[PDB]
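Chemist: I have a structure here, written as structure tokens, and I will follow up with some questions on it.
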Amino acid sequence: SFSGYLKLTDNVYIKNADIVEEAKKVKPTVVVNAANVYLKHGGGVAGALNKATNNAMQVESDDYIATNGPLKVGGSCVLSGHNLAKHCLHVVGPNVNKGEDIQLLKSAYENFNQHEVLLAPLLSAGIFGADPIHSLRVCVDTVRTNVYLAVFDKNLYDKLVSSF
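Residue numbers (the numbering used here): 22 to 185.
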């Protein structure tokens, strides 16, 4: 199961780890992707997870979008986890760089409550432009299921832990 995590609360755990490497090691039931509404997995966590699937995540996602249209900001969909997990929960946090309402971050985290345990990144962090300290606080105050957060950047991980 999950190893090396620091316990933040009853249900939230955190580790300085590459979520792709973490997923390959653990093969969790659910890995969360930091998705956009078009499921275009170009960069950040999405680009890295998709590259690890040899683009199979993108091919599956394009078919999903062709059938269903785009997701909502704050919404999600469950697709295959490919070689990374049983399932991938594609969750769209607001992208502050695209001018999206930061209050949609709580709605985005609410999607995690439909899964008993998840491996996840901090939503709206990284290239999505939100403050990761704020994302962690919203995560802790919204998610009630067991969430194992992988924070790629060591300096950010230390700042998140030391300021919690």
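The C-beta atom is built at its ideal place from N, Cα and C for all residues, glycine as well.
Could you check whether residue 159 and residue 130 sit closer than 7 Å to each other, using their CB atoms as the reference points?
Modeler: yes
Chemist: Please tell me whether residue 113 and residue 33 are closer than 7 Å, where the distance is taken between their beta carbons.
Modeler: no
Chemist: I'd like to know whether the C-beta atoms of residue 146 and residue 156 end up nearer to each other than 7 Å.
Modeler: yes
Chemist: Are the CB atoms of residue 55 and residue 67 within a distance shorter than 7 Å?
Modeler: Closer than 7 Å, so yes.
Chemist: Determine the extent of the beta strand (DSSP E) in which residue 40 is found, giving its start and end residues.
Modeler: That residue, residue 40, is in no beta strand (DSSP E); its alpha helix (DSSP H) goes 40–47.
Chemist: Could you check the C-alpha separation between residue 95 and residue 148 for me, to the nearest Å?
Modeler: Straight-line measurement puts the Cα of residue 148 at about 16 Å from the Cα of residue 95.
Chemist: If we ignore side chains and look at the alpha-carbon of each, how far apart do residue 24 and residue 169 end up?
Modeler: 10 Å
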